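Next up is one chain by itself, shown in C-alpha cells, the form deposited in one PDB entry.
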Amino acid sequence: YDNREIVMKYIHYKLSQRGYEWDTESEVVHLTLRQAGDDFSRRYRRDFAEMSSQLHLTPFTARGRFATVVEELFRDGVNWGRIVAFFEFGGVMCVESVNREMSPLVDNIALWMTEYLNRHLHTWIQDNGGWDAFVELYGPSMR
C-alpha cells in the first residue's frame, strides 16, 4: 500500500464524481475508502452546508488553510474517522479548486496530502493494523 497512490486515486474519484477528469488487494482499500468518504460526506452535509461553501479558498492561502484545518483535526488524536475526514477535506479543496477556476492547485493539494500521510499519519496507521484494518473496520458498513 502506497500513500501517494491512495491520495491520487481518491482525488481522481472525487473529481470524476463532479464531472471533472483529472490525470488487486490494493484495489480493495481504494474502493473501501471511496465508499467511506461518500458516507462521511452524506453524514456531514446532513448536519452542515456543503463544505465547499465554507472554504474561502484562494491560491495564496490554500496551503495555510490546508495545514491549519488538518493540524487541528489531528491535534488531540488520530482515529479512522478523522482519517476519513482528512481525505474528504482534501477532496473538497480539490473540488473547490476546480470550481473556482484554479485547477492546478489540485496537484499541490495532492502533494500536501501525501506529505501529511507519509509524515504524520503513517505511525498511527501502522500501529493500528494498517490499511487492512481500515478495510476490516469499515466492512460491515459497505453497501
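So that the term is clear: the rigid core is the largest set of C-alpha atoms that superpose within 1.5 Å between two forms. Start at 1 with the first residue shown and count on from there.
Participant: Unmodelled stretch from the deposited sequence between residue 23 and residue 24, which bin: none, 1 to 3, 4 to 9, 10 or more?
Facilitator: 10 or more residues lack coordinates between residue 23 and residue 24.
Participant: Mean CA temperature factor from the deposited coordinates, higher in 46-54 or in 66-74?
Facilitator: Higher mean C-alpha B-factor: 46-54.
Participant: Which has higher Cα B-factors on average according to the PDB entry: 37-45 or 94-102?
Facilitator: It is 94-102.
Participant: Considering only modelled residues of the same chain, in which third does the CA B-factor of residue 79 rank: lowest, middle or highest?
Facilitator: Ranked within chain, residue 79 CA B lands in the middle tercile.
Participant: Grab the CA temperature factor for residue 120 from the record and place it in the lowest, middle or highest third of its chain.
Facilitator: Its C-alpha B-factor, which the entry lists for residue 120, ranks in the highest third among residues of this chain.
Participant: Within this chain, which third does the Cα B-factor at residue 137 fall in: lowest, middle or highest?
Facilitator: Lowest third.
Absent from the display: the form deposited in another entry. The rest refers to it.
Participant: Residue 101: with the rigid core matched between this form and the one not shown, does its Cα shift 2 Å or more?
Facilitator: No, the C-alpha moves less than 2 Å.
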